[PDB]
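Coordinates as given in query-v8.txt (compact mmCIF, C-alpha atoms):
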```txt
# COMPACT_ATOMS: atom_id res chain seq x y z
CA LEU R 293 0.00 0.00 0.00
CA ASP R 294 2.94 2.32 0.68
CA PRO R 295 6.64 2.21 1.65
CA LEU R 296 5.71 2.08 5.34
CA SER R 297 3.68 -1.12 4.95
CA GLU R 298 6.46 -2.94 3.10
CA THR R 299 8.89 -1.68 5.74
CA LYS R 300 6.63 -3.20 8.40
CA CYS R 301 6.36 -6.50 6.52
CA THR R 302 10.16 -6.61 6.36
CA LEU R 303 10.49 -5.73 10.06
CA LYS R 304 7.50 -7.88 11.09
CA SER R 305 6.25 -5.15 13.41
CA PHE R 306 3.55 -2.49 13.59
CA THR R 307 5.73 0.19 15.25
CA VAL R 308 8.76 1.34 13.25
CA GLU R 309 11.24 3.55 15.10
CA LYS R 310 13.14 6.51 13.65
CA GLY R 311 15.66 6.12 10.85
CA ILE R 312 16.32 4.06 7.72
CA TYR R 313 15.25 0.98 9.66
CA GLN R 314 14.67 -1.05 6.49
CA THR R 315 16.10 -1.29 3.00
CA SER R 316 12.65 -2.27 1.79
CA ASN R 317 13.40 -3.97 -1.53
CA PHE R 318 14.81 -3.37 -5.02
CA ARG R 319 13.18 -1.73 -8.04
CA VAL R 320 13.19 -4.20 -10.93
CA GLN R 321 11.93 -2.49 -14.07
CA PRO R 322 9.51 -4.98 -15.66
CA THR R 323 9.79 -6.62 -19.06
CA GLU R 324 7.08 -4.98 -21.16
CA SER R 325 7.45 -6.91 -24.43
CA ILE R 326 8.41 -10.49 -25.27
CA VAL R 327 10.66 -11.43 -28.18
CA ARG R 328 11.32 -14.71 -29.99
CA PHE R 329 14.09 -14.55 -32.60
CA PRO R 330 14.79 -18.07 -33.90
CA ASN R 331 16.21 -18.86 -37.34
CA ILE R 332 14.49 -19.74 -40.64
CA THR R 333 14.68 -23.05 -42.50
CA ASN R 334 12.60 -25.91 -43.92
CA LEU R 335 11.13 -29.09 -42.46
CA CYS R 336 13.23 -31.97 -41.17
CA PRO R 337 13.68 -35.61 -42.24
CA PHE R 338 11.30 -36.72 -39.50
CA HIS R 339 10.51 -40.30 -40.56
CA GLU R 340 13.52 -40.97 -42.77
CA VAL R 341 14.76 -43.11 -39.87
CA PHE R 342 11.58 -44.21 -38.04
CA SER D 2 9.59 -38.89 -55.79
CA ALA D 3 7.83 -41.56 -57.84
CA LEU D 4 9.74 -44.17 -59.81
CA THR D 5 10.24 -43.76 -63.55
CA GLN D 6 11.34 -46.13 -66.30
CA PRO D 7 11.87 -46.03 -70.07
CA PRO D 8 8.66 -46.45 -72.09
CA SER D 9 10.00 -49.70 -73.57
CA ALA D 11 13.05 -51.47 -74.98
CA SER D 12 13.92 -53.73 -77.90
CA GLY D 13 16.41 -56.45 -78.69
CA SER D 14 16.91 -59.84 -80.28
CA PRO D 15 17.82 -63.38 -79.18
CA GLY D 16 21.32 -63.80 -77.80
CA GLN D 17 21.88 -60.06 -77.35
CA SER D 18 22.59 -58.60 -73.92
CA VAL D 19 20.17 -55.78 -73.08
CA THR D 20 19.66 -53.59 -70.02
CA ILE D 21 16.80 -51.66 -68.42
CA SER D 22 17.05 -48.54 -66.26
CA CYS D 23 15.10 -47.04 -63.37
CA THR D 24 15.18 -43.62 -61.68
CA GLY D 25 13.44 -42.00 -58.73
CA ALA D 26 14.53 -44.20 -55.84
CA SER D 27 14.61 -43.28 -52.15
CA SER D 28 16.85 -43.98 -49.16
CA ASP D 29 16.85 -44.43 -45.39
CA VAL D 30 19.13 -45.45 -42.52
CA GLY D 31 18.93 -49.07 -43.66
CA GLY D 35 20.88 -48.56 -46.89
CA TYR D 36 20.16 -47.84 -50.53
CA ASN D 37 19.49 -51.32 -52.00
CA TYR D 38 15.67 -51.06 -52.04
CA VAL D 39 15.12 -51.99 -55.68
CA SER D 40 13.25 -55.04 -56.98
CA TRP D 41 12.20 -56.08 -60.48
CA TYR D 42 9.15 -58.21 -61.28
CA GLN D 43 8.45 -59.82 -64.66
CA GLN D 44 4.74 -60.15 -65.50
CA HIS D 45 3.87 -62.25 -68.53
CA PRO D 46 0.75 -61.50 -70.59
CA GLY D 47 -2.33 -62.34 -68.56
CA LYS D 48 -0.92 -64.05 -65.47
CA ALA D 49 0.55 -63.37 -62.06
CA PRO D 50 3.92 -61.54 -61.90
CA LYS D 51 7.09 -63.15 -60.55
CA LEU D 52 9.97 -61.76 -58.52
CA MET D 53 13.19 -61.55 -60.55
CA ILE D 54 15.60 -59.28 -58.64
CA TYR D 55 15.91 -58.15 -55.03
CA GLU D 56 18.93 -56.54 -53.39
CA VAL D 57 20.17 -55.71 -56.86
CA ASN D 65 23.59 -57.23 -56.14
CA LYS D 66 21.61 -60.42 -55.39
CA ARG D 67 18.48 -62.27 -56.47
CA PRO D 68 16.10 -64.94 -55.13
CA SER D 69 17.04 -68.60 -55.15
CA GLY D 70 16.51 -70.66 -58.28
CA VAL D 71 16.39 -67.53 -60.46
CA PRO D 72 18.14 -68.11 -63.82
CA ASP D 74 21.51 -66.43 -64.21
CA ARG D 75 20.30 -64.79 -67.45
CA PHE D 76 19.40 -61.69 -65.40
CA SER D 77 21.53 -59.28 -63.38
CA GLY D 78 21.04 -56.01 -61.55
CA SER D 79 23.08 -53.04 -60.44
CA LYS D 80 22.64 -49.53 -59.06
CA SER D 83 24.41 -46.21 -59.58
CA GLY D 84 23.40 -43.09 -57.70
CA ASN D 85 19.68 -42.38 -57.84
CA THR D 86 19.48 -44.66 -60.91
CA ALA D 87 19.32 -48.45 -61.13
CA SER D 88 19.95 -50.89 -63.96
CA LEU D 89 18.61 -54.35 -64.83
CA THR D 90 21.10 -56.28 -66.97
CA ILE D 91 20.08 -59.31 -69.04
CA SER D 92 22.79 -61.48 -70.57
CA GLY D 93 20.54 -62.86 -73.32
CA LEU D 94 16.98 -62.49 -74.59
CA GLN D 95 14.61 -65.26 -75.64
CA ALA D 96 11.42 -65.47 -77.67
CA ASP D 97 9.52 -66.04 -74.41
CA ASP D 98 11.11 -63.07 -72.60
CA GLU D 99 8.53 -60.63 -74.04
CA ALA D 100 6.90 -59.24 -70.89
CA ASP D 101 6.60 -56.17 -68.69
CA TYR D 102 9.12 -55.20 -66.02
CA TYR D 103 8.60 -52.91 -63.02
CA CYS D 104 11.19 -51.55 -60.60
CA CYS D 105 9.93 -51.03 -57.06
CA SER D 106 11.27 -49.29 -53.96
CA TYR D 107 10.54 -50.31 -50.36
CA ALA D 108 12.87 -48.01 -48.44
CA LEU D 109 10.59 -46.01 -46.11
CA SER D 114 8.20 -48.87 -45.28
CA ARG D 115 6.20 -47.77 -48.35
CA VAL D 116 6.02 -49.84 -51.53
CA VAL D 117 6.04 -47.62 -54.62
CA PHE D 118 6.06 -49.74 -57.77
CA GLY D 119 7.43 -48.42 -61.04
CA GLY D 120 5.64 -47.10 -64.10
CA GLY D 121 6.43 -50.20 -66.14
CA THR D 122 8.50 -50.73 -69.28
CA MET D 123 7.84 -53.10 -72.17
CA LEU D 124 10.34 -55.59 -73.58
CA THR D 125 10.18 -56.90 -77.15
CA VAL D 126 12.38 -58.34 -79.89
```

I need this file expressed as structure tokens, please.
Amino acid sequence: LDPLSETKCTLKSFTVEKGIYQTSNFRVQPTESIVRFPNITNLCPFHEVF
Amino acid sequence: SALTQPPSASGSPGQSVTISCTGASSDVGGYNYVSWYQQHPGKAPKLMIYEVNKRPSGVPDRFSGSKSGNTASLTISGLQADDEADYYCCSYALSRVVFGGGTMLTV
């Protein structure tokens, strides 16, 4: 809900004292788009051996 | 690819003739999947060549076979008046029998 709530969840307490008591977490920028870049070619000799 | 053969061939008694065949296939088992069957007019065919460097038992030595690349050859050491019949090369490489188009033999 806010930095204070995550700070509490990291401290496991409802009364945070004064300071920088918690390094809450890290900011991971999300992946917005997905990419698939394989090669190009033809079919395979599937049943040339089976 | 489907098998192909010459439309027909000609000869005479005592002469050594040969018949060709193209369009074979292959697999992991080898490349000797070629067999020739001679079918007389109006009766059941008969196996003449299998494993072109070989042939069934009891088969007369007047016939012989060989292969070269994607093309095969059926060699006959001598024709006879009764040798007038059809001949079909057949491939059984990929568990699929694909007979040939057929080629006529005459004198």

Enumerate, in order of chain and increasing residue number, the residues of chain R with an atom no farther than 12 Å from chain D, each with its shortest atom pair and distance in Å to one decimal, counting all atoms listed in the file, as JSON lines.
```
{"residue": "R:337", "atom": "CA", "partner": "D:29", "partner_atom": "CA", "distance": 9.9}
{"residue": "R:338", "atom": "CA", "partner": "D:29", "partner_atom": "CA", "distance": 11.2}
{"residue": "R:339", "atom": "CA", "partner": "D:109", "partner_atom": "CA", "distance": 8.0}
{"residue": "R:340", "atom": "CA", "partner": "D:29", "partner_atom": "CA", "distance": 5.5}
{"residue": "R:341", "atom": "CA", "partner": "D:30", "partner_atom": "CA", "distance": 5.6}
{"residue": "R:342", "atom": "CA", "partner": "D:109", "partner_atom": "CA", "distance": 8.3}
```

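Atom CA of residue D:56 sits 26.9 Å away from atom CA of residue D:96.
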
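Take the candidates D:87, D:39, D:71, D:53 and check each one against residue D:23 using only C-alpha atoms; the shortest distance goes to D:87.
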
Practice task
Could you jot down the atom CA of residue R:326 to atom CA of residue R:293 separation for me, Å, one decimal place?
Solution key: 28.6 Å

Exercise for the section: Extract, using all atoms listed in the file, all DNA, RNA and protein residues at most 7 Å from residue D:122, discarding same-chain residues fewer than 3 positions from it, and format them as a list in words. Expected result: residues 6, 7, 8, 9, 101, 102 and 103 of chain D

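In this model, the gap between atom CA of residue D:124 and atom CA of residue D:21 comes to 9.2 Å.
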
Using the file's own x, y and z axes, so that the box edges lie along x, y and z, what centre and edge lengths in Å (one decimal) does a box around every listed atom of stretch 86-89 of chain D get when 8 Å is added on each side? Give it as AutoDock Vina command-line options.
```
--center_x 19.3 --center_y -49.5 --center_z -62.9 --size_x 17.3 --size_y 25.7 --size_z 19.9
```

Exercise for the section: Write out as a PyMOL selection string the residues lying within 8 Å of residue D:104, counting all atoms listed in the file and excluding same-chain residues fewer than 4 positions away. Expected result: chain D and resi 4+6+23+39-42+118-121

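Counting all atoms listed in the file and comparing R:321, R:336, R:315, R:331, the residue that lies closest to residue R:296 is R:315.
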
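For the point (9.7, -65.7, -70.3), the residues with an atom at a distance of at most 9 Å are residues 43, 44, 45, 95, 96, 97, 98, 99 and 100 of chain D, counting all atoms listed in the file.
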
Problem - Which residue of R:322, R:335, R:329, R:317 approaches residue R:301 most closely, using only C-alpha atoms - result: R:317

Problem - Nearby residues, (11.7, -44.4, -55.8) file frame, 7 Å, only C-alpha atoms, as a PyMOL selection string - result: chain D and resi 2-4+24-27+105-106+117

Your completed stretch 40-79 of chain D with N, CA and C atoms, as a CSV table (one decimal), keeping the file's coordinate frame:
```
chain,number,residue,atom,x,y,z
D,40,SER,N,13.7,-53.7,-56.6
D,40,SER,CA,13.2,-55.0,-57.0
D,40,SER,C,12.5,-55.0,-58.3
D,41,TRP,N,12.8,-56.0,-59.2
D,41,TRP,CA,12.2,-56.1,-60.5
D,41,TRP,C,11.3,-57.3,-60.6
D,42,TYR,N,10.1,-57.1,-61.1
D,42,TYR,CA,9.2,-58.2,-61.3
D,42,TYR,C,8.8,-58.3,-62.8
D,43,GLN,N,8.8,-59.5,-63.3
D,43,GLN,CA,8.4,-59.8,-64.7
D,43,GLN,C,7.0,-60.4,-64.7
D,44,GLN,N,6.1,-59.7,-65.4
D,44,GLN,CA,4.7,-60.2,-65.5
D,44,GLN,C,4.5,-60.5,-66.9
D,45,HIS,N,4.2,-61.8,-67.2
D,45,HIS,CA,3.9,-62.2,-68.5
D,45,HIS,C,2.5,-61.8,-68.9
D,46,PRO,N,2.1,-61.9,-70.2
D,46,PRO,CA,0.8,-61.5,-70.6
D,46,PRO,C,-0.3,-62.3,-69.9
D,47,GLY,N,-1.2,-61.7,-69.1
D,47,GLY,CA,-2.3,-62.3,-68.6
D,47,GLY,C,-2.0,-63.4,-67.6
D,48,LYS,N,-1.2,-63.1,-66.6
D,48,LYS,CA,-0.9,-64.0,-65.5
D,48,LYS,C,-0.2,-63.3,-64.4
D,49,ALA,N,0.0,-64.0,-63.2
D,49,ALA,CA,0.6,-63.4,-62.1
D,49,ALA,C,2.0,-63.0,-62.3
D,50,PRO,N,2.5,-61.9,-61.8
D,50,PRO,CA,3.9,-61.5,-61.9
D,50,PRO,C,4.8,-62.5,-61.2
D,51,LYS,N,6.1,-62.3,-61.3
D,51,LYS,CA,7.1,-63.2,-60.6
D,51,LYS,C,8.3,-62.3,-60.2
D,52,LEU,N,8.8,-62.5,-59.0
D,52,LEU,CA,10.0,-61.8,-58.5
D,52,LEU,C,11.2,-62.2,-59.3
D,53,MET,N,12.0,-61.3,-59.8
D,53,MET,CA,13.2,-61.6,-60.6
D,53,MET,C,14.5,-61.0,-59.9
D,54,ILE,N,14.4,-59.9,-59.3
D,54,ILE,CA,15.6,-59.3,-58.6
D,54,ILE,C,15.2,-58.6,-57.3
D,55,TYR,N,16.0,-58.8,-56.3
D,55,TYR,CA,15.9,-58.2,-55.0
D,55,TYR,C,17.3,-58.0,-54.5
D,56,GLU,N,17.6,-56.8,-53.9
D,56,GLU,CA,18.9,-56.5,-53.4
D,56,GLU,C,19.9,-56.6,-54.6
D,57,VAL,N,19.8,-55.6,-55.5
D,57,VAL,CA,20.2,-55.7,-56.9
D,57,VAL,C,21.5,-56.5,-57.1
D,65,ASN,N,22.4,-56.4,-56.1
D,65,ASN,CA,23.6,-57.2,-56.1
D,65,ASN,C,23.3,-58.7,-55.8
D,66,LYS,N,22.0,-59.1,-55.7
D,66,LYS,CA,21.6,-60.4,-55.4
D,66,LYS,C,20.3,-60.7,-56.1
D,67,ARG,N,19.7,-61.9,-55.9
D,67,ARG,CA,18.5,-62.3,-56.5
D,67,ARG,C,17.9,-63.5,-55.7
D,68,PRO,N,16.7,-63.8,-55.8
D,68,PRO,CA,16.1,-64.9,-55.1
D,68,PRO,C,16.8,-66.2,-55.6
D,69,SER,N,16.5,-67.3,-54.8
D,69,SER,CA,17.0,-68.6,-55.2
D,69,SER,C,16.3,-69.2,-56.4
D,70,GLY,N,17.0,-70.0,-57.1
D,70,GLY,CA,16.5,-70.7,-58.3
D,70,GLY,C,16.3,-69.7,-59.5
D,71,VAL,N,16.6,-68.5,-59.3
D,71,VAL,CA,16.4,-67.5,-60.5
D,71,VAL,C,17.5,-67.8,-61.5
D,72,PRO,N,17.1,-67.9,-62.8
D,72,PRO,CA,18.1,-68.1,-63.8
D,72,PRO,C,19.2,-67.0,-63.8
D,74,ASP,N,20.4,-67.4,-64.2
D,74,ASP,CA,21.5,-66.4,-64.2
D,74,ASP,C,21.5,-65.5,-65.4
D,75,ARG,N,20.4,-65.6,-66.3
D,75,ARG,CA,20.3,-64.8,-67.4
D,75,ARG,C,20.0,-63.3,-67.1
D,76,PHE,N,19.7,-63.0,-65.8
D,76,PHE,CA,19.4,-61.7,-65.4
D,76,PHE,C,20.4,-61.2,-64.4
D,77,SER,N,20.6,-59.9,-64.3
D,77,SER,CA,21.5,-59.3,-63.4
D,77,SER,C,21.1,-57.8,-63.1
D,78,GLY,N,21.4,-57.3,-61.9
D,78,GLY,CA,21.0,-56.0,-61.6
D,78,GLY,C,22.2,-55.2,-60.9
D,79,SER,N,22.1,-53.9,-61.0
D,79,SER,CA,23.1,-53.0,-60.4
D,79,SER,C,22.5,-51.7,-60.2
```
